[PDB]
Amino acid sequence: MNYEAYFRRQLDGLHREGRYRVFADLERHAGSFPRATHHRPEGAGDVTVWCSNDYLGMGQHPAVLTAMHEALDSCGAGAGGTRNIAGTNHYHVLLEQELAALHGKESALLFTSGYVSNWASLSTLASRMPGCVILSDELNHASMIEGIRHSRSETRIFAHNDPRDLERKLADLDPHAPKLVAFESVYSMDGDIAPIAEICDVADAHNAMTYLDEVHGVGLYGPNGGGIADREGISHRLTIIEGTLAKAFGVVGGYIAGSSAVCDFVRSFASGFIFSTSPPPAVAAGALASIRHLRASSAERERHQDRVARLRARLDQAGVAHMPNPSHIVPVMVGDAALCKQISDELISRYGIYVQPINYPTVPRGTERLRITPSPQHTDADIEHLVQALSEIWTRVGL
């Protein structure tokens, strides 16, 4: 057994199949988003970032930067322990209070990331309820799939956004059986929005817990910037709302929000929460300032939706196909894996436009796409450059 040679051959497989991926070394320009320096072997050059999940540019928001500077100087670089052992910081406490209020819940629990919040929460909740059946939306994110897998709990997959199929996969279970319905508000690849109320109607008929990942809604929708459930006024119907601090809130971290009992349960039992250093105080302080700002201000969401709407209108006039949807995500459709990569490469090296190809297995074969995430900071000129680039590229594909 040559381990070195073994790992190398696994990678040659990925190279051959065209799925080996190299990172772009970027430096976003704080104060000048969506601009970034792209570090290429032959020296720096500027790009426009078009596939960042920092959806509102809160990454450069002055209130977020100020809170992080002040937290660094008061409390230092890091937490310096787990939440249990010397790593509970006042900013963690204010952030959990703020997240509870955002979602109208009794409590919230902060994790190191969105990924860990789902992995830790789902695996701990299901594994500690013997005979729990998990009902998982087939397009749930990797973090939810891995939490559900790690639970070892019996799991039934229901058809994407289909409450009739959910009902059919709940109908034979005893009401005394623990059940957990795990789904998202906004799904990243197609940008579709879940029928949350219809799903909660089926969940309540069967005494099932509801676990809603609002990663792609929170900060972006609702009167409080709480996400889709906030928008629909049905926050109170979910047992748990999960989210990230890394996307619309523009920093890093994950959380859940729910009853005192459920948050205390995950806090007291979840390995991935207990046995990992707490997020840096400055990370907690930035997220706190980001949430406070997006609860009080609608201006960024309004500008966000205008940029999204303007891009779609211009693509429509230019004849550039994108997948219609009610969210803020603009999946520009390519339909061929090799061509998707060729277009991504040409946008970066000829047009200074940074987008990434999305190919099988992330998305079904024939539905390969460029996932575009317009921000409040993308200008009309940025949109015209991107639309003209895609239009010129599609004409050359044509010829």
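When you see a residue number, it is the position in the sequence shown, counting from 1.
- Set 169-177 against 280-288 and average the Cα temperature factors; 169-177 ends up higher.
- On average the C-alpha atoms of 157-165 have higher B-factors than those of the other stretch, with 113-121 and 157-165 being the two compared.
- The entry lists C-alpha B-factors for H90, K247, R83, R149, and the highest of these is at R149.
- The PDB entry gives the largest Cα B-factor of the residues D137, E98, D190, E242 to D190.
- In the deposited entry, the Cα temperature factor of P324 sits in the top third of values across the chain's modelled residues.
- When the modelled residues of the chain are ordered by their C-alpha B factor, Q388 lands in the highest third.
- Sort the chain's modelled residues by C-alpha temperature factor and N224 lands in the highest third, per the entry.
- When all modelled residues of the chain are sorted by CA temperature factor, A296 is found within the highest third.
- For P130, the recorded CA B-factor ranks within the highest third of the chain. Only modelled residues enter the ranking.
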